[PDB]
2 protein chains.
Amino acid sequence: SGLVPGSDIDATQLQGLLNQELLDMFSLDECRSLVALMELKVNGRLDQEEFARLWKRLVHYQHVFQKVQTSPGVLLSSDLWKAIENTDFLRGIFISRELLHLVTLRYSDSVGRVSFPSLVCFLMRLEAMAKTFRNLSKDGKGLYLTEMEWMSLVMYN
Amino acid sequence: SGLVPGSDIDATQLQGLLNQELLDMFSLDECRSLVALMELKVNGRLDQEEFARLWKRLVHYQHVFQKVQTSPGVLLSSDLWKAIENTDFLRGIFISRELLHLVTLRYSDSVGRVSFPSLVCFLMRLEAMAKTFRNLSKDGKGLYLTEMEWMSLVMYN
Ligand SMILES: [Ca+2]
Ligand SMILES: [Ca+2]
């Protein structure tokens, strides 16, 4: 259990596992986002391959949070740039100062702390969204999307 | 309090308010999404105008959930189409069968129920994302975005 030997794990199961193993808790909604970001065969659950992908990232994020935190479980908003730098999955991704500011507002609590579940969500989403662009763009400058393409990319994540 | 008379409400305050007034609870992360979707002056809090915008929607969603639910607090996944139909803010938005399927996977729990906080998130996000497209598209068929435009739209929400 929480090993995914040819079996699957859904968001509800994933939540119980992450909260028991890693921990500020992961919400069920966040786990549904994690499933959405990591699915290859889209069916609302993670097979062994998809789970391995998620797990490798989670292990990595644990290390990054441990390295960057000011104290056990406390990562400061002003150190979020260091979390990005320490996340190899983001290689080649450069965000603007303004975008960093927006993500800081979105992922940090009211006293300038970023929880582990919040950091996980942010780093996985940043990677997914940056890779979508880089992979779909024909010139690396812009992206053209159909309505249906746009809506699917922005709604299932 | 929870009235926002020239004052502001942040996501943490918003969470306490929504959970006390409406309720399955809103997570803090969901409240940060709600703030992001409703901001006009982007600073991580809702001023009186932004809060009014959020509140009008929330009142509407309450009515829709009450109308469509199978029993107190139980909205079935298979009835999500009826929630969309009953939400005037979505007027002019048509989603595909496939997109409906994806959102069902993303917003429903493991037994085919959609919680009130999940419905709120879904209906607000659908509206925001559809309006972005409709408003940015020059022909109503496609959208061209710069990298920076793409990343900002997909990360702050
Ligand atoms: Ca799958
Ligand atoms: Ca504001």
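Residue numbers begin at 1 in each chain, while the letters A, B, ... track the order of the sequences. FYI, side chains are in, hydrogens and waters are out, and symmetry mates aren't considered; it's all heavy atoms of this structure.
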Part of [X] within contact of chain B (heavy atom distance under 4.5 Å):
| X | answer |
| --- | --- |
| A:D29 | both |
| A:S115 | neither |
| A:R45 | neither |
| A:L145 | both |
| A:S118 | side chain |
| A:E30 | side chain |

Using a 4.5 angstrom heavy-atom cutoff, name the option from [options] with the most pairs to chain B.
| options | answer |
| --- | --- |
| A:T146, A:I95, A:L28 | A:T146 |
| A:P117, A:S137, A:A130, A:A11 | A:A130 |
| A:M148, A:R125, A:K141 | A:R125 |

Practice task
I would like to know whether B:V154 and A:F133 meet side chain to side chain contact (heavy atoms under 4.5 Å, CB included); could you show each step before the answer?
Solution key: CA-CA 11 Å; B:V154 307; A:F133 178 84; over 6 Å; no

Are there over 12 heavy-atom neighbours, none belonging to [X], within less than 6.0 Å of that residue's [atom1]?
| X | atom1 | answer |
| --- | --- | --- |
| A:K56 | NZ | no |
| A:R113 | CZ | no |
| A:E85 | CD | yes |
| A:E49 | CD | no |

Check whether any side-chain heavy atom of [X] sits under 4.5 Å from a side-chain heavy atom of [Y], and report yes or no.
| X | Y | answer |
| --- | --- | --- |
| B:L126 | A:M155 | yes |
| B:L136 | A:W150 | no |
| B:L143 | A:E149 | no |

Practice task
Examine whether an atom of B:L99 lies under 4.5 Å from a heavy atom of chain A, and if so say whether it belongs to the side chain, the backbone or both; otherwise answer neither.
Solution key: side chain

Exercise for the section: Would you mind checking which part of B:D109 comes under 4.5 Å of any heavy atom in chain A, side chain (CB onward), backbone (N, CA, C, O), both or neither? Expected result: both

Exercise for the section: Rounded to the nearest 0.5 Å, what's the gap from CG on A:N157 to CZ on B:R106? Could you check? Expected result: 7.0 Å

